[PDB]
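Residue numbers (the entry's author numbering): 2 to 956, 965 to 1265.
Virtual Cβ for every residue (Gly too), placed ideally from N, Cα, C.
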């Protein structure tokens, strides 16, 4: 587009599939991005001839806003607070003016920052100023919840889109996605800003800075503008990259405009966030007339989460939505927030989809992408006062007479009790007893593991611990002079290392420092991190909880990535005839208190643990004596174990309540301690504890309470057919009730409704407010599912958004590159339109690839070559004269991906290099007569390759510290003896074979390092990181990594396309349909991954877990490598002794490893090959097994044979073949090993040389 087209022309065509990509053009584009002034971006927006359809009414009230002053007040405790007007929730940042509170910036005369006078006036205690400073700071924070300046994302979008529609290589046609002249979000962005800038030359409404913000000194500017603008940019990009229906998009813009027009953007979004899902996802198929859905079989044991696809299930009226209607509630919500037209339109459109197919799920997805993606912001004071103020209402308390006399801090719940607690007790008691009876529980290694679990870089309320400890004349070492972040539990461990449990006991009752983390479409999450002594004492609670979750219920241990959220379960649960009820325990932490749960649990554990832990200490805590008034009248001193001693001290804290130290950085004068019964979120027990209570209560309801509260035959039948071991999956406060159907169709809806109401009333009995949703849909762990189809929720993954809870400065460049790559991978997982997405990412990466350096008056520039992004996982569009778009986003990362795209066009590269003067007389085994060495250096391919592999983070008291950490870990003498034995044994049988021996003695240094890396980098350190970068770009190379040079000796032949693994009319992931060719064909050919990835990979390790500080994958690599390198069994035994194992287990596991048939994935680690994250949603196990043939297409070749003792090659070879198959755009294809240059024998030695050389 003239200005844009003129400056990025060549780059635009190279990322559109018209021209080859080249570092020169990439870097010219990078220089262009960095020289583009901010206001020029807005001038570029001016050149776009917007269409009438991209316009909508912009509420004038968005620009004229009231003073912040009437929105705050000072409370009884003199804390600056938010003044409520629209309800209990109306506590976020208010939509007010801001200019009157700023002082012009020195150089940027049209921008201003919060008045320095107002802040000092506030610092000395003025009431009016404290209010203005709070508002100023909180509004700012709200404006900082992004990764970088919006202009970067917009500029990149303009550059990417100037390339016009993209030609799909498989469909053989251009996409019909509307150009920017039809992008309403972008049009709004331009108008809003233009209206605000008016005559001012500066076009930006605010400037995003490393730690703050400056606002354009316009009376038309508002605190609500940054969030609004941020939503608009995301929508603008998604409409072009997810091909979102432009008409649905305009609705989302309306909602945002209304949020800006209101008195509080963040509050408004919070109240209306359900609009799109409720009126689409939750109201689909009121009339089902056809289509297909998956037919999965849930394998046994159900706890393995392994499913098998059996075909499609023809849909008909039989399966039409039967869940309760929500039309009334939905419409009431709209009317209440001035959005009835939007709700009405959405409801009307939803009724038109009468078939369940790609079109309909894509419709839902599109609608759900329009929701605001801002990270809601409010002051910590507000979050603390709202999430820790109310207790649960126990409608049927545990009778006081049902407790015995005390046994120290606890009381036993009599068995004669009639309370529901009886059951919560039996379950925890049982579990405690079995947990404690396990021989492993008493193994020193296991206890070192439990003690290292919380020894991390994260904070542990260090300040309060030192204060509570200081209060008893117990001073802790200061380690004066150590460059480590003291505010880390690692540091805490070092300080406590040589003190008996008795000296730190009081620390168990010390205050807890509140942390914070903002969320999209949700209130802020509070972070209450316990201290080391507290965590230590929490072990019994945590262990018993794990036991329950491992042996007694159906639960998961998911993270935050889609790859680990058991996608298959949702598919199953949402496929008719099956049905699922989404159940949640609202205000879970505030509902697990002493009055009911904790007093019961502490008692059940304290007793269930008694006989097996009898006369032993535990994890450093000694046995003791407690006052026993258990038996009526009698009063003795009963001996208790170390384990019991812990529970005993823990009960005192749980019983007392918690003290949260609130340090509101945004509200001057708001420093206070808050006492509450609300449970800590940063305890090793939190999550697992809640998971166990969740299932225990659900089990009690299905077994006892429910049956006793109804005689309804149907409800009694439903109940009886459910079991917490088969039909209820839960994690923390989230639960999914899976009601399997029958041949007679699905279970009666009315019958389910009665069951749910019973469940609801049941919870009120013990203070739990269940949040039940029965809507024809499944929602578990933040993934949405309808009729067996996953609906990615794009609104939850803001492209420009970023969580910044505190006021610290953003991470220094180039951390942003890691985030931008993180943005790209989200697109791959969420199924955006592959070509539009790849092109956009390239524009985005290019726009951040350059950084300006000032080395004392000397001006320079850091520049990552385009090739670094490839190494990071970004597929090429077109190179070395190839066809465009032949590379898929499933191209592996690092060496495996480099090997894949190179092998795919190897002949091409050779031909191109020669054609361009890069020729030699020496014959390369890979590139023939091409002078590749000189080519890759000139094109910066080597430079980019090695630069990408550099860490993007600047890098006598030391001996004391490390030694302290060592005493902490090696506390138990028996454990140390094991490690020493391993060492002497190692010198005899393993030394020399490998140089990577993992060892507990390494942990102290591993921890120290982590405590160092946690500290904030120094100016010099940052400068050294840059120099390291420039050095790598200036150096000249002659080859890739040793591993990649070895993979390149392997050649393949791609043959017949695989037959479909799953029906082509079957929706598995909305957005991933015949309109998104590459992802759809890969999904169809390769097939979805039908098992929990956590359970799959747990089968690829010899040892599930180890001490925090060592890598289970590394240990598995050391063992397998020793085996490959011909080491003796005793060497593997030595290696296992060095990580804590007892000689007995050591010798056995070793002998087991020596004879085991290691499968592809696990063995592949001997050479650091990992299954790519992007592949986790597909059936990669099958690809490695049945579709990568290692027997040449036409028989056996001398070079392709596998030597007798190198069968481990097959594993490696499988990855290489799979790499190429997955990297090639289109249907997964069958690939056949064709050749190994120097033969399999030579190849093996080559990898063995690499195996034995690691870290010399």
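Counting only runs of 3 or more residues that sit fully inside the stretch 643 to 681, the beta strand (DSSP E) segments are 659 to 664 and 672 to 677, in chain order. Less than 8 Å divides the Cβ of residue 6 from the Cβ of residue 163.
Within the stretch 589 to 638, the complete beta strand (DSSP E) segments at least 3 residues long are 625 to 629, listed from N- to C-terminus. Between residue 795 and residue 1059, the CB-CB gap reaches or exceeds 8 Å.
For residue 1004, the number of other beta carbons within 10 angstroms of its own is below 16, and it is reported as exposed. Look at residue 293 here: in three-state DSSP terms it is strand. The C-alpha of residue 2 is placed about 57 Å away from the C-alpha of residue 686. In this structure, DSSP gives residue 892 a state outside helix and strand, which the three-state scheme calls coil.
For residue 783, the three-state secondary structure derived from DSSP is coil. Cβ neighbours of residue 147 within its own chain (closer than 7 Å, five residues either side excluded): 209, 231, 801, 802 and 803. Taken in chain order, the complete alpha helix (DSSP H) segments of 4 or more residues contained in the stretch 424 to 486 are 445 to 453 and 463 to 471.
CA-CA distance, residue 797 to residue 819, rounds to 19 Å. The continuous stretches of beta strand (DSSP E) do not include residue 1055, which lies in the alpha helix (DSSP H) extending over residues 1051 to 1056. If you compare the alpha carbons of 530, 779 and 561 with that of residue 662, the shortest gap goes to 530. Around the CB of residue 633, fewer than 16 other CB atoms lie within 10 Å, so the residue is classed as exposed. Judged by beta-carbon spacing, residue 1051 lies beyond the 8 Å limit of residue 890, meaning their Cβ atoms are not closer than that value. Within the DSSP secondary-structure output, residue 583 pairs in a beta bridge with 737 and 774. Per DSSP, residue 154 is one residue of the alpha helix (DSSP H) stretching across 151 to 162. In this structure, the straight-line span from the alpha carbon of residue 911 to that of residue 942 is close to 15 Å. Secondary structure of residue 527 (DSSP, three-state): strand. When secondary structure is reduced to three states using DSSP, residue 859 falls in the strand class. Secondary structure note for residue 1154: its alpha helix (DSSP H) is the uninterrupted segment 1152 to 1164. Unbroken beta strand (DSSP E) stretches of 3 residues or longer found wholly inside the stretch 213 to 301: 214 to 217 and 291 to 299, given in chain order. Residue state for residue 555 is assigned as strand, using DSSP reduced to three classes. Taking 8 Å as the cut-off, the beta carbon of residue 811 is found closer than this to the beta carbon of residue 212. Under the DSSP definition of a beta bridge, residue 412 partners with 407. The alpha helix (DSSP H) runs of length 4 or more contained entirely in the stretch 693 to 746 are, from start to end of the chain, 714 to 721.
With at least 16 other beta carbons inside 10 angstroms of its own, residue 461 counts as buried.
Shown here for residue 161: same chain residues with a beta carbon closer than 6 Å to its own, the five before and five after excluded, namely 840, 841 and 844 in chain order. For the options 1240, 1217, 1264 and 1228, the alpha carbon positioned closest to that of residue 1249 is the one of 1217. Here residue 635 is exposed. Its C-beta has fewer than 16 other C-beta atoms within 10 Å. In summary, residue 328 is exposed, with fewer than 16 beta-carbon neighbours lying within 10 Å of its beta-carbon over all protein chains present. In the pairwise beta carbon analysis, the stretch 172 to 187 is classified as touching the stretch 42 to 57: at least three pairs are separated by under 8 Å. Under a 10 Å Cβ-count criterion, residue 296 is classified as buried, with 16 or more other Cβ atoms of the shown protein chains found around its own Cβ.
Residue 864 is bridged by DSSP to 851.
The Cβ atoms of residue 1097 and residue 1121 lie no closer than 8 Å to each other.
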